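This is structure-v8.csv. It holds CSV, C-alpha atoms and all ligand atoms.
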```csv
chain,number,residue,atom,x,y,z
A,1,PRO,CA,0.0,0.0,0.0
A,2,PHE,CA,2.7,2.5,1.0
A,3,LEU,CA,6.5,2.9,1.6
A,4,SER,CA,8.3,1.4,4.6
A,5,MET,CA,11.3,2.3,6.8
A,6,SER,CA,12.7,-1.2,6.2
A,7,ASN,CA,12.9,-0.6,2.4
A,8,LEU,CA,14.6,2.8,2.6
A,9,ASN,CA,18.3,3.6,3.1
A,10,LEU,CA,18.9,5.7,6.3
A,11,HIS,CA,22.7,5.9,6.3
A,12,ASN,CA,23.7,9.4,7.5
A,13,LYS,CA,20.3,10.9,6.7
A,14,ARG,CA,18.1,13.2,8.9
A,15,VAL,CA,15.2,11.1,9.9
A,16,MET,CA,12.1,12.4,11.6
A,17,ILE,CA,10.1,9.7,13.4
A,18,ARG,CA,6.6,10.5,14.7
A,19,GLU,CA,5.9,8.4,17.7
A,20,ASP,CA,3.1,8.1,20.3
A,21,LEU,CA,5.1,8.7,23.5
A,22,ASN,CA,2.0,10.3,25.2
A,23,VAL,CA,2.5,8.6,28.5
A,24,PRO,CA,0.4,9.0,31.7
A,25,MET,CA,1.9,11.2,34.5
A,26,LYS,CA,1.4,12.0,38.2
A,27,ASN,CA,2.8,15.3,39.5
A,28,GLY,CA,5.8,15.2,37.2
A,29,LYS,CA,6.6,11.4,36.9
A,30,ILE,CA,5.6,8.7,34.5
A,31,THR,CA,3.1,6.0,35.7
A,32,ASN,CA,3.0,3.9,32.5
A,33,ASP,CA,5.8,3.6,29.9
A,34,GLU,CA,4.4,0.8,27.7
A,35,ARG,CA,4.4,3.3,24.8
A,36,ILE,CA,8.1,4.1,25.1
A,37,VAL,CA,8.9,0.3,25.4
A,38,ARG,CA,6.7,-0.2,22.2
A,39,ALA,CA,8.3,2.7,20.3
A,40,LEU,CA,11.9,1.8,21.2
A,41,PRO,CA,12.8,-0.7,18.4
A,42,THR,CA,12.0,1.9,15.7
A,43,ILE,CA,14.4,4.2,17.3
A,44,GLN,CA,17.0,1.4,17.8
A,45,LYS,CA,16.8,0.4,14.1
A,46,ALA,CA,17.4,4.0,13.0
A,47,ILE,CA,20.4,4.5,15.2
A,48,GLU,CA,21.8,1.0,14.2
A,49,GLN,CA,21.6,2.2,10.6
A,50,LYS,CA,23.3,5.4,11.8
A,51,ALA,CA,20.5,7.8,11.0
A,52,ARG,CA,20.5,11.3,12.5
A,53,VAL,CA,17.3,10.8,14.5
A,54,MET,CA,14.7,13.4,15.4
A,55,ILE,CA,12.0,11.8,17.6
A,56,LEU,CA,8.6,13.6,17.3
A,57,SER,CA,5.7,13.2,19.7
A,58,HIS,CA,2.6,14.7,21.4
A,59,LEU,CA,1.9,14.9,25.1
A,60,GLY,CA,-1.4,15.7,26.6
A,61,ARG,CA,-3.4,18.7,25.4
A,62,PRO,CA,-1.4,22.0,25.9
A,63,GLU,CA,-2.5,25.5,24.7
A,64,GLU,CA,-0.9,26.0,21.3
A,65,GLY,CA,1.9,28.6,21.8
A,66,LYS,CA,1.9,28.3,25.5
A,67,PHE,CA,4.8,26.3,26.9
A,68,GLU,CA,4.2,24.6,30.3
A,69,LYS,CA,6.4,22.0,32.0
A,70,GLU,CA,3.3,20.0,32.7
A,71,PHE,CA,3.3,19.0,29.0
A,72,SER,CA,7.0,18.8,28.5
A,73,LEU,CA,8.5,15.6,27.0
A,74,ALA,CA,11.4,16.1,29.5
A,75,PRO,CA,10.7,13.0,31.7
A,76,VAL,CA,10.3,11.0,28.5
A,77,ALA,CA,13.7,12.3,27.3
A,78,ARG,CA,15.4,11.1,30.5
A,79,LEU,CA,13.5,7.7,30.3
A,80,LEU,CA,14.6,7.3,26.6
A,81,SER,CA,18.3,7.9,27.3
A,82,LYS,CA,18.1,5.3,30.1
A,83,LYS,CA,17.0,2.8,27.5
A,84,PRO,CA,18.5,15.5,24.8
A,85,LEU,CA,15.2,17.4,24.8
A,86,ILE,CA,15.4,19.9,21.9
A,87,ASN,CA,13.2,22.9,22.4
A,88,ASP,CA,13.7,25.4,19.5
A,89,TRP,CA,13.7,22.6,17.0
A,90,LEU,CA,11.8,24.3,14.1
A,91,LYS,CA,14.7,26.6,13.3
A,92,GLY,CA,17.0,23.5,12.8
A,93,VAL,CA,19.1,21.0,14.8
A,94,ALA,CA,22.5,19.5,14.2
A,95,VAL,CA,22.3,15.7,15.0
A,96,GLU,CA,25.3,13.4,14.6
A,97,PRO,CA,24.9,10.1,12.8
A,98,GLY,CA,23.8,7.4,15.2
A,99,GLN,CA,22.5,9.7,18.0
A,100,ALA,CA,18.9,10.6,18.6
A,101,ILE,CA,17.1,13.8,19.9
A,102,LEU,CA,13.6,14.3,21.1
A,103,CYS,CA,11.8,17.4,19.9
A,104,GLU,CA,9.6,19.1,22.5
A,105,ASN,CA,5.8,18.4,22.5
A,106,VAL,CA,4.5,19.1,18.9
A,107,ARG,CA,1.2,20.3,20.3
A,108,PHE,CA,2.9,23.5,21.6
A,109,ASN,CA,3.3,24.8,18.0
A,110,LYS,CA,0.7,27.3,16.8
A,111,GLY,CA,-0.9,25.4,14.0
A,112,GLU,CA,-0.5,21.7,14.8
A,113,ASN,CA,-4.2,21.0,15.4
A,114,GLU,CA,-5.3,22.8,12.1
A,115,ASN,CA,-2.7,21.0,10.0
A,116,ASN,CA,-1.4,24.4,9.0
A,117,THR,CA,0.4,24.4,5.6
A,118,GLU,CA,3.2,26.8,6.6
A,119,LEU,CA,4.0,24.9,9.8
A,120,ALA,CA,4.0,21.6,7.9
A,121,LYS,CA,6.4,22.8,5.1
A,122,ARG,CA,8.8,24.0,7.9
A,123,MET,CA,8.7,20.5,9.5
A,124,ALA,CA,9.4,19.0,6.1
A,125,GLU,CA,12.4,21.4,5.6
A,126,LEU,CA,14.0,19.9,8.7
A,127,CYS,CA,14.4,16.3,7.4
A,128,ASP,CA,15.4,14.1,4.5
A,129,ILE,CA,12.9,11.3,5.4
A,130,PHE,CA,9.7,11.3,7.5
A,131,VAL,CA,8.6,8.2,9.2
A,132,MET,CA,4.9,8.0,10.4
A,133,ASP,CA,5.2,5.4,13.2
A,134,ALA,CA,2.1,6.6,15.1
A,135,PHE,CA,-1.2,4.7,14.3
A,136,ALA,CA,-2.9,6.0,17.5
A,137,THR,CA,-2.7,9.5,15.9
A,138,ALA,CA,-3.2,8.6,12.2
A,139,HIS,CA,-7.0,9.2,12.3
A,140,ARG,CA,-6.7,13.0,12.6
A,141,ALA,CA,-5.1,15.5,10.3
A,142,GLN,CA,-2.4,17.5,12.1
A,143,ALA,CA,0.8,19.1,10.9
A,144,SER,CA,2.9,16.4,12.7
A,145,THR,CA,0.7,13.4,11.4
A,146,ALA,CA,-0.5,14.5,8.0
A,147,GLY,CA,0.8,17.9,6.7
A,148,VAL,CA,4.5,17.1,7.2
A,149,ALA,CA,4.2,13.9,5.2
A,150,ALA,CA,2.4,15.8,2.4
A,151,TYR,CA,5.5,18.0,1.8
A,152,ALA,CA,8.5,15.8,3.1
A,153,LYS,CA,11.2,14.8,0.5
A,154,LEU,CA,10.6,11.1,1.3
A,155,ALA,CA,7.7,9.8,3.5
A,156,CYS,CA,7.0,6.3,4.8
A,157,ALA,CA,5.5,4.3,7.7
A,158,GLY,CA,7.5,2.8,10.6
A,159,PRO,CA,7.3,-0.9,11.8
A,160,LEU,CA,4.7,-0.2,14.5
A,161,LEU,CA,2.1,1.3,12.1
A,162,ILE,CA,3.2,-1.7,10.0
A,163,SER,CA,2.4,-4.2,12.7
A,164,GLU,CA,-1.0,-2.6,13.5
A,165,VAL,CA,-1.9,-2.3,9.8
A,166,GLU,CA,-0.8,-5.9,9.1
A,167,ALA,CA,-3.0,-7.2,11.9
A,168,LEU,CA,-6.1,-5.2,11.3
A,169,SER,CA,-6.1,-5.5,7.5
A,170,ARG,CA,-5.0,-9.2,7.7
A,171,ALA,CA,-8.3,-9.9,9.3
A,172,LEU,CA,-10.3,-7.6,6.9
A,173,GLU,CA,-9.1,-8.1,3.3
A,174,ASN,CA,-8.3,-11.8,3.2
A,175,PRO,CA,-9.4,-13.3,6.5
A,176,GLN,CA,-9.1,-17.0,7.1
A,177,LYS,CA,-12.8,-17.9,6.9
A,178,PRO,CA,-15.1,-18.0,8.7
A,179,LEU,CA,-14.5,-14.4,9.9
A,180,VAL,CA,-16.5,-13.5,13.1
A,181,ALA,CA,-17.0,-10.0,14.5
A,182,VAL,CA,-18.2,-9.4,18.1
A,183,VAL,CA,-19.3,-5.8,18.7
A,184,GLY,CA,-20.5,-4.7,22.2
A,185,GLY,CA,-21.0,-1.4,24.0
A,186,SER,CA,-23.4,1.1,25.4
A,187,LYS,CA,-24.7,2.5,22.2
A,188,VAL,CA,-25.7,1.5,18.6
A,189,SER,CA,-25.1,5.1,17.6
A,190,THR,CA,-21.4,5.0,18.3
A,191,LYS,CA,-20.8,1.7,16.5
A,192,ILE,CA,-23.2,1.7,13.6
A,193,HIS,CA,-20.6,2.7,11.0
A,194,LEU,CA,-18.4,-0.2,12.2
A,195,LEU,CA,-21.3,-2.6,11.8
A,196,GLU,CA,-21.8,-1.4,8.3
A,197,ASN,CA,-18.3,-2.0,7.1
A,198,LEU,CA,-18.0,-5.4,8.8
A,199,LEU,CA,-21.3,-6.5,7.4
A,200,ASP,CA,-19.8,-6.6,3.9
A,201,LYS,CA,-17.0,-8.7,5.2
A,202,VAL,CA,-18.1,-11.1,8.0
A,203,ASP,CA,-19.8,-14.5,8.0
A,204,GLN,CA,-21.2,-14.3,11.5
A,205,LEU,CA,-21.8,-11.1,13.5
A,206,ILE,CA,-22.5,-10.8,17.3
A,207,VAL,CA,-23.9,-7.7,19.0
A,208,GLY,CA,-23.6,-7.3,22.8
A,209,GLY,CA,-24.8,-5.0,25.6
A,210,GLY,CA,-26.7,-1.8,24.8
A,211,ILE,CA,-26.3,-2.6,21.1
A,212,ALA,CA,-27.9,-6.0,21.6
A,213,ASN,CA,-30.6,-4.6,23.8
A,214,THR,CA,-31.4,-2.1,21.0
A,215,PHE,CA,-31.6,-4.9,18.4
A,216,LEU,CA,-33.8,-7.1,20.6
A,217,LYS,CA,-36.2,-4.2,20.9
A,218,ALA,CA,-36.2,-3.4,17.2
A,219,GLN,CA,-37.3,-7.1,16.8
A,220,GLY,CA,-40.3,-6.4,19.2
A,221,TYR,CA,-39.1,-8.0,22.4
A,222,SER,CA,-39.8,-6.4,25.8
A,223,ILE,CA,-36.7,-5.5,27.8
A,224,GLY,CA,-38.0,-3.3,30.7
A,225,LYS,CA,-35.6,-0.6,31.7
A,226,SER,CA,-32.6,-2.1,29.9
A,227,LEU,CA,-30.2,0.3,28.2
A,228,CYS,CA,-31.3,1.0,24.7
A,229,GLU,CA,-31.3,3.8,22.1
A,230,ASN,CA,-34.9,4.2,20.9
A,231,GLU,CA,-33.9,6.7,18.3
A,232,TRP,CA,-31.9,4.0,16.5
A,233,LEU,CA,-34.5,1.2,16.5
A,234,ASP,CA,-35.3,1.9,12.8
A,235,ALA,CA,-31.5,1.8,12.1
A,236,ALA,CA,-31.1,-1.5,14.0
A,237,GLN,CA,-34.1,-3.0,12.3
A,238,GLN,CA,-32.9,-2.1,8.8
A,239,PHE,CA,-29.4,-3.4,9.7
A,240,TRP,CA,-31.0,-6.7,10.8
A,241,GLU,CA,-32.7,-6.9,7.4
A,242,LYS,CA,-29.5,-6.1,5.4
A,243,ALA,CA,-27.9,-8.9,7.3
A,244,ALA,CA,-30.7,-11.3,6.3
A,245,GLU,CA,-30.3,-10.8,2.6
A,246,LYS,CA,-26.5,-11.0,2.7
A,247,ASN,CA,-26.9,-14.2,4.7
A,248,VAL,CA,-24.8,-13.0,7.5
A,249,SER,CA,-25.7,-14.8,10.7
A,250,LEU,CA,-26.6,-12.4,13.4
A,251,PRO,CA,-27.7,-14.3,16.5
A,252,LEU,CA,-29.2,-12.1,19.2
A,253,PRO,CA,-29.4,-13.0,22.9
A,254,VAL,CA,-32.0,-15.7,23.5
A,255,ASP,CA,-31.4,-15.8,27.3
A,256,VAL,CA,-30.1,-13.0,29.6
A,257,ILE,CA,-29.4,-12.3,33.3
A,258,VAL,CA,-31.6,-9.6,34.8
A,259,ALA,CA,-31.8,-7.7,38.1
A,260,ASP,CA,-33.9,-4.8,39.3
A,261,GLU,CA,-30.8,-2.8,40.5
A,262,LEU,CA,-27.2,-2.9,39.3
A,263,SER,CA,-25.0,-4.0,42.1
A,264,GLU,CA,-23.0,-7.1,43.4
A,265,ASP,CA,-25.9,-7.4,45.9
A,266,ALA,CA,-29.3,-7.8,44.2
A,267,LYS,CA,-31.1,-11.0,42.8
A,268,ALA,CA,-29.5,-12.0,39.5
A,269,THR,CA,-32.0,-14.1,37.6
A,270,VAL,CA,-31.5,-16.1,34.4
A,271,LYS,CA,-34.4,-15.6,32.0
A,272,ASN,CA,-35.7,-16.2,28.5
A,273,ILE,CA,-36.0,-12.9,26.6
A,274,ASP,CA,-39.7,-13.7,26.7
A,275,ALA,CA,-39.9,-13.3,30.5
A,276,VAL,CA,-38.3,-9.8,31.1
A,277,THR,CA,-40.8,-7.8,33.2
A,278,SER,CA,-41.2,-4.1,33.2
A,279,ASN,CA,-38.7,-3.0,35.8
A,280,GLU,CA,-35.8,-5.3,35.2
A,281,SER,CA,-32.8,-4.7,33.0
A,282,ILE,CA,-30.5,-6.9,31.0
A,283,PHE,CA,-26.9,-6.9,32.3
A,284,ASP,CA,-25.5,-10.1,30.7
A,285,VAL,CA,-26.2,-12.9,28.3
A,286,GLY,CA,-27.3,-16.3,29.5
A,287,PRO,CA,-25.8,-19.7,29.2
A,288,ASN,CA,-27.7,-20.7,25.9
A,289,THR,CA,-26.5,-17.5,24.3
A,290,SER,CA,-22.9,-17.6,25.4
A,291,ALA,CA,-22.8,-21.3,24.1
A,292,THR,CA,-24.0,-20.1,20.7
A,293,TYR,CA,-21.2,-17.5,20.9
A,294,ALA,CA,-18.8,-20.2,22.1
A,295,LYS,CA,-19.6,-22.3,19.0
A,296,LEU,CA,-18.9,-19.5,16.5
A,297,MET,CA,-15.5,-18.7,18.2
A,298,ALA,CA,-14.4,-22.3,18.2
A,299,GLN,CA,-15.3,-22.7,14.5
A,300,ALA,CA,-13.8,-19.4,13.5
A,301,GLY,CA,-10.8,-18.9,11.3
A,302,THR,CA,-10.5,-15.2,12.2
A,303,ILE,CA,-12.0,-13.1,15.0
A,304,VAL,CA,-12.5,-9.3,15.5
A,305,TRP,CA,-13.8,-8.2,19.0
A,306,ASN,CA,-14.6,-4.8,20.2
A,307,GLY,CA,-16.8,-4.3,23.3
A,308,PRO,CA,-17.8,-6.4,26.4
A,309,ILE,CA,-21.1,-8.2,26.1
A,310,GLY,CA,-22.3,-7.6,29.7
A,311,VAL,CA,-21.6,-5.4,32.7
A,312,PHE,CA,-18.4,-7.3,33.4
A,313,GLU,CA,-17.2,-4.8,36.0
A,314,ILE,CA,-19.7,-6.0,38.5
A,315,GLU,CA,-19.1,-9.8,39.2
A,316,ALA,CA,-22.6,-11.3,38.9
A,317,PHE,CA,-22.9,-9.8,35.4
A,318,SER,CA,-19.4,-10.9,34.1
A,319,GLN,CA,-20.0,-14.6,33.3
A,320,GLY,CA,-21.0,-13.8,29.7
A,321,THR,CA,-17.9,-11.7,28.9
A,322,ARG,CA,-15.4,-14.0,30.5
A,323,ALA,CA,-17.0,-17.0,28.7
A,324,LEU,CA,-16.6,-15.2,25.5
A,325,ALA,CA,-13.1,-14.0,26.3
A,326,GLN,CA,-12.1,-17.6,27.1
A,327,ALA,CA,-13.6,-18.9,23.9
A,328,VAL,CA,-11.5,-16.5,21.8
A,329,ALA,CA,-8.4,-17.6,23.8
A,330,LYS,CA,-8.9,-21.4,23.5
A,331,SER,CA,-9.9,-20.8,19.9
A,332,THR,CA,-7.5,-21.3,17.0
A,333,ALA,CA,-8.6,-18.4,14.9
A,334,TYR,CA,-6.4,-15.3,14.6
A,335,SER,CA,-8.0,-13.0,17.2
A,336,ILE,CA,-7.8,-9.2,17.1
A,337,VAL,CA,-9.2,-7.1,20.0
A,338,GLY,CA,-9.4,-3.4,20.7
A,339,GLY,CA,-11.3,-0.9,22.8
A,340,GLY,CA,-10.7,0.8,26.2
A,341,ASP,CA,-13.3,-1.3,28.2
A,342,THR,CA,-12.6,-4.6,26.3
A,343,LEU,CA,-8.9,-4.4,27.2
A,344,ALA,CA,-10.0,-3.6,30.7
A,345,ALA,CA,-12.0,-6.9,30.7
A,346,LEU,CA,-9.1,-8.9,29.2
A,347,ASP,CA,-7.0,-7.5,32.0
A,348,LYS,CA,-9.5,-8.4,34.7
A,349,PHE,CA,-9.7,-12.0,33.5
A,350,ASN,CA,-5.9,-12.1,32.9
A,351,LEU,CA,-6.4,-13.2,29.3
A,352,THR,CA,-4.6,-10.3,27.5
A,353,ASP,CA,-1.5,-12.2,26.1
A,354,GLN,CA,-3.8,-15.0,24.7
A,355,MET,CA,-5.3,-12.8,22.0
A,356,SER,CA,-3.2,-12.8,18.8
A,357,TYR,CA,-3.2,-8.9,18.7
A,358,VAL,CA,-4.3,-6.4,21.3
A,359,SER,CA,-4.8,-2.8,20.0
A,360,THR,CA,-4.1,0.0,22.4
A,361,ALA,CA,-5.1,2.6,19.8
A,362,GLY,CA,-8.7,3.3,20.8
A,363,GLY,CA,-10.1,5.7,18.2
A,364,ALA,CA,-7.8,5.0,15.2
A,365,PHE,CA,-8.4,1.3,15.8
A,366,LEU,CA,-12.2,1.9,15.5
A,367,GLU,CA,-12.1,4.4,12.5
A,368,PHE,CA,-10.0,1.9,10.5
A,369,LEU,CA,-12.5,-1.0,11.0
A,370,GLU,CA,-15.2,1.5,10.0
A,371,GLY,CA,-13.3,1.7,6.6
A,372,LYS,CA,-12.4,5.4,6.9
A,373,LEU,CA,-7.2,7.6,7.7
A,374,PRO,CA,-5.3,10.8,6.6
A,375,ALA,CA,-1.8,9.6,7.8
A,376,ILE,CA,-2.2,6.4,5.7
A,377,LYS,CA,-3.6,8.1,2.7
A,378,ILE,CA,-0.5,10.3,2.3
A,379,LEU,CA,2.0,7.5,3.0
A,380,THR,CA,0.6,5.6,0.0
A,381,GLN,CA,0.3,8.7,-2.2
A,382,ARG,CA,4.0,9.1,-1.8
A,383,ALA,CA,4.8,5.4,-2.3
A,384,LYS,CA,3.2,5.8,-5.7
B,401,LIG,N1,-26.5,-4.0,28.9
B,401,LIG,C1,-25.6,-3.0,29.4
B,401,LIG,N2,-26.1,-2.1,30.2
B,401,LIG,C2,-25.3,-1.1,30.7
B,401,LIG,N3,-24.0,-1.0,30.4
B,401,LIG,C3,-23.4,-1.8,29.5
B,401,LIG,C4,-24.2,-2.9,28.9
B,401,LIG,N4,-23.4,-3.6,28.1
B,401,LIG,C5,-22.2,-3.0,28.1
B,401,LIG,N5,-22.2,-2.0,29.0
B,401,LIG,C6,-21.0,-1.0,29.3
B,401,LIG,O1,-20.5,-0.4,28.1
B,401,LIG,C7,-19.1,-0.3,28.2
B,401,LIG,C8,-18.6,-0.9,26.8
B,401,LIG,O2,-18.8,0.1,25.8
B,401,LIG,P1,-17.8,0.3,24.5
B,401,LIG,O3,-17.2,1.6,24.6
B,401,LIG,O4,-18.6,0.0,23.2
B,401,LIG,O5,-16.7,-0.9,24.7
B,401,LIG,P2,-15.1,-0.7,24.4
B,401,LIG,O6,-14.6,0.6,25.1
B,401,LIG,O7,-14.5,-1.9,24.9
B,401,LIG,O8,-15.1,-0.6,22.9
B,401,LIG,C9,-18.6,-1.2,29.3
B,401,LIG,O9,-17.9,-0.4,30.3
B,401,LIG,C10,-19.9,-1.8,29.9
B,401,LIG,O10,-19.9,-1.7,31.4
B,402,MG,MG,-20.4,-10.0,30.9
```
In structure tokens, what does this structure look like?
Amino acid sequence: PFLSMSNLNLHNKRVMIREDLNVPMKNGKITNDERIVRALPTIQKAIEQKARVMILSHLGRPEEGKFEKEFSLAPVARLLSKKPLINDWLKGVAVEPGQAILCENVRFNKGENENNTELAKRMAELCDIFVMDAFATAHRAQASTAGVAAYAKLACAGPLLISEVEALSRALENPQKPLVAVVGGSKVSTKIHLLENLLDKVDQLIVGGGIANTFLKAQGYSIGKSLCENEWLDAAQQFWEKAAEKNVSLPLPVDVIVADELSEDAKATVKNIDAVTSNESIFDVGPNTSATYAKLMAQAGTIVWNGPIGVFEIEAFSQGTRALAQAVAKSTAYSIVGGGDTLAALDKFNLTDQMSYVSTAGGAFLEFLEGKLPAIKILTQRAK
């Protein structure tokens, strides 16, 4: 699709690597460095080929033009060396072959967020080659993610954006069939565009949570005070029909666990969808349902899963989402998961390293599966 850092010669060149070093911080110190640990090899391969390395990154959300130490990449710069912070980097920097410097937070610059042309051209001035190695940022057009690549002598993607693209697109443009997609969450309305793209691709599709509750109500079931989006019932109904004529299996919950208050404390009751009374709510799938899911995972050649299928955070309402998680683990399909809350689940059940690929990207992960990304567009345009 586009050019890669592996296929380009970096000997003695000025190389500008955009990374996601946007780490959490507490009163001046780093609390989680997984992003640095992930970004390291890209920086090691550049140095090993004796590039003159300029490391580019964002941190928090500062006021453009207003320097504050709170959003300084200083602690990162110390933590990188252990594995200099350059401040006035736009006017130029000498960098010897084989060493690496970290430019100060790119979001300080007047014009980053608008993808200002002038700013971008100036960034492109400062380097021979630009390496977009920041998939978690690729879904927005900003001078440091999009503009710079538009006007840089030579532009390409780094190996991380490569791993992430390989995994996502592996399971979306020639999946080992059957492909199954599990999609859960609070709202149809935040995941409808994802459902649309996957519909043209999957063999089975499974909705969970709010989403499933909306679909069950579009079908005419009663679900009491369960979370649902009434305003998307027509959308859900029409999507159900589209699935039917494409022959995409779309099994809804046949049994659920309900309670009349959401807490570790109240009566959890396993029920047929028939039997949901007027002031109960659905918080999880039942055994019959999560056995149907368990079958499709076991038979799957590929799996894509975004969103827990019950209120897994409370313990009575977690059996459904664990069951599912375990099925994807034991399963032999190439599994791909993503989402803030889904990772949280995979962490709670300590099943994270059993999925073939875990995305930590959040929004860019989601927009890609929707079939929509500015960073990627330009990297190919330049490969051409
Ligand atoms: N039936 C339900 N009722 C209330 N909340 C739910 C229900 N199903 C799922 N949820 C909640 O929605 C969140 C998952 O939403 P979503 O953002 O789509 O997942 P992710 O962030 O993993 O992609 C979870 O935190 C979960 O507690
Ligand atoms: Mg659950």
Could you tell me how far atom CA of residue A:45 lies from atom CA of residue A:11, in Å and to one decimal?
11.2 Å
In Å and to one decimal, atom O9 of ligand LIG 401 (chain B) is distant from atom CA of residue A:166 by 27.8 Å
Go through A:82, A:61, A:140, A:14 one by one, measure the shortest atom-to-atom distance of each to residue A:36 using only C-alpha atoms, and give the residue with the smallest value.
A:82
List every residue of chain A that has an atom at most 9 Å from any atom of ligand MG 402 (chain B), giving for each one its closest atom pair and the distance in Å to one decimal, counting all atoms listed in the file, sorted by chain and then by ascending residue number, as a tab-separated table.
```
residue	atom	partner	partner_atom	distance
A:209	CA	B:MG402	MG	8.5
A:283	CA	B:MG402	MG	7.3
A:284	CA	B:MG402	MG	5.1
A:285	CA	B:MG402	MG	7.0
A:308	CA	B:MG402	MG	6.3
A:309	CA	B:MG402	MG	5.2
A:310	CA	B:MG402	MG	3.3
A:311	CA	B:MG402	MG	5.1
A:312	CA	B:MG402	MG	4.2
A:313	CA	B:MG402	MG	8.0
A:314	CA	B:MG402	MG	8.6
A:315	CA	B:MG402	MG	8.4
A:316	CA	B:MG402	MG	8.4
A:317	CA	B:MG402	MG	5.2
A:318	CA	B:MG402	MG	3.5
A:319	CA	B:MG402	MG	5.2
A:320	CA	B:MG402	MG	4.0
A:321	CA	B:MG402	MG	3.6
A:322	CA	B:MG402	MG	6.4
A:323	CA	B:MG402	MG	8.1
A:324	CA	B:MG402	MG	8.4
A:345	CA	B:MG402	MG	9.0
```
Distance query residue A:273 at most 8 Å, only C-alpha atoms, self and fewer than 5 positions along chain excluded, as a PDB file with C-alpha atoms, keeping the file's coordinate frame:
```pdb
ATOM      1  CA  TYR A 221     -39.100  -8.000  22.400  1.00  0.00           C
ATOM      2  CA  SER A 222     -39.800  -6.400  25.800  1.00  0.00           C
ATOM      3  CA  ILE A 223     -36.700  -5.500  27.800  1.00  0.00           C
ATOM      4  CA  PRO A 253     -29.400 -13.000  22.900  1.00  0.00           C
ATOM      5  CA  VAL A 254     -32.000 -15.700  23.500  1.00  0.00           C
ATOM      6  CA  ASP A 255     -31.400 -15.800  27.300  1.00  0.00           C
ATOM      7  CA  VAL A 256     -30.100 -13.000  29.600  1.00  0.00           C
TER       8      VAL A 256
END
```
Could the residues of chain A that have an atom at most 8 Å from ligand LIG 401 (chain B) be listed as a tab-separated table, each with its closest atom pair and the distance in Å to one decimal, counting all atoms listed in the file and ordered by chain and ascending residue number?
```
residue	atom	partner	partner_atom	distance
A:183	CA	B:LIG401	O4	7.4
A:184	CA	B:LIG401	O4	5.2
A:185	CA	B:LIG401	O4	2.9
A:186	CA	B:LIG401	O1	4.2
A:187	CA	B:LIG401	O4	6.7
A:190	CA	B:LIG401	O4	7.5
A:191	CA	B:LIG401	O4	7.3
A:208	CA	B:LIG401	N4	6.5
A:209	CA	B:LIG401	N4	3.2
A:210	CA	B:LIG401	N1	4.7
A:211	CA	B:LIG401	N4	7.6
A:212	CA	B:LIG401	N1	7.7
A:213	CA	B:LIG401	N1	6.6
A:226	CA	B:LIG401	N1	6.5
A:227	CA	B:LIG401	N2	5.2
A:281	CA	B:LIG401	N1	7.5
A:282	CA	B:LIG401	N1	5.4
A:283	CA	B:LIG401	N1	4.5
A:284	CA	B:LIG401	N1	6.4
A:306	CA	B:LIG401	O8	5.0
A:307	CA	B:LIG401	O5	3.7
A:308	CA	B:LIG401	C8	5.6
A:309	CA	B:LIG401	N4	5.5
A:310	CA	B:LIG401	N4	4.4
A:311	CA	B:LIG401	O10	4.3
A:312	CA	B:LIG401	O10	6.1
A:313	CA	B:LIG401	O10	6.2
A:338	CA	B:LIG401	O8	6.7
A:339	CA	B:LIG401	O8	3.8
A:340	CA	B:LIG401	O6	4.1
A:341	CA	B:LIG401	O7	3.6
A:342	CA	B:LIG401	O7	3.6
A:343	CA	B:LIG401	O7	6.5
A:344	CA	B:LIG401	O7	7.5
A:362	CA	B:LIG401	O8	7.8
```
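Separating atom CA of residue A:42 from atom CA of residue A:160 is a distance of 7.7 Å.
Every polymer residue reaching to within 12 Å of (18.8, 6.1, 27.9), counting only C-alpha atoms, appears in this list: residues 36, 37, 40, 43, 44, 75, 76, 77, 78, 79, 80, 81, 82, 83, 84, 99, 100, 101 and 102 of chain A.
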Using only C-alpha atoms, pick whichever of A:233, A:15, A:154, A:194 has the shortest atom-to-atom distance to residue A:363.
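Selected residue with least distance to residue A:363: A:194.
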Of the candidates A:144, A:72, A:352, A:116, which one gets nearest to residue A:17 if we count all atoms listed in the file?
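Closest to residue A:17 of all the choices is A:144.
Nearest to residue A:350 of all the residues A:383, A:206, A:179, A:325 is A:325, based on only C-alpha atoms.
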Kindly indicate which residue among A:359, A:294, A:237, A:109 lies nearest to residue A:331, using all atoms listed in the file for the distances.
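Using all atoms listed in the file, the shortest distance to residue A:331 belongs to A:294.
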Contacts of residue A:268 at 7 Å or less, counting all atoms listed in the file, minus same-chain residues fewer than 3 places along, as a count of residues only?
4
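In terms of minimum interatomic distance to residue A:146, A:18 ranks closest within A:246, A:18, A:353, A:90, counting all atoms listed in the file.
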Skip residue A:113 itself and residues of its chain fewer than 6 positions away, then list as a list in words all residues within 8 Å of it, counting all atoms listed in the file.
residues 107, 141, 142 and 143 of chain A
Using only C-alpha atoms, which protein or nucleic acid residues come within 7 Å of residue A:177? Drop anything in the same chain fewer than 6 positions from it, and give the result as a ChimeraX atom specification.
/A:300-302
Which residues are near residue A:12? Cut-off 12 Å, all atoms listed in the file, ignore same chain within fewer than 4 positions. Put them as a ChimeraX atom specification.
/A:46-53,95-99,127-129
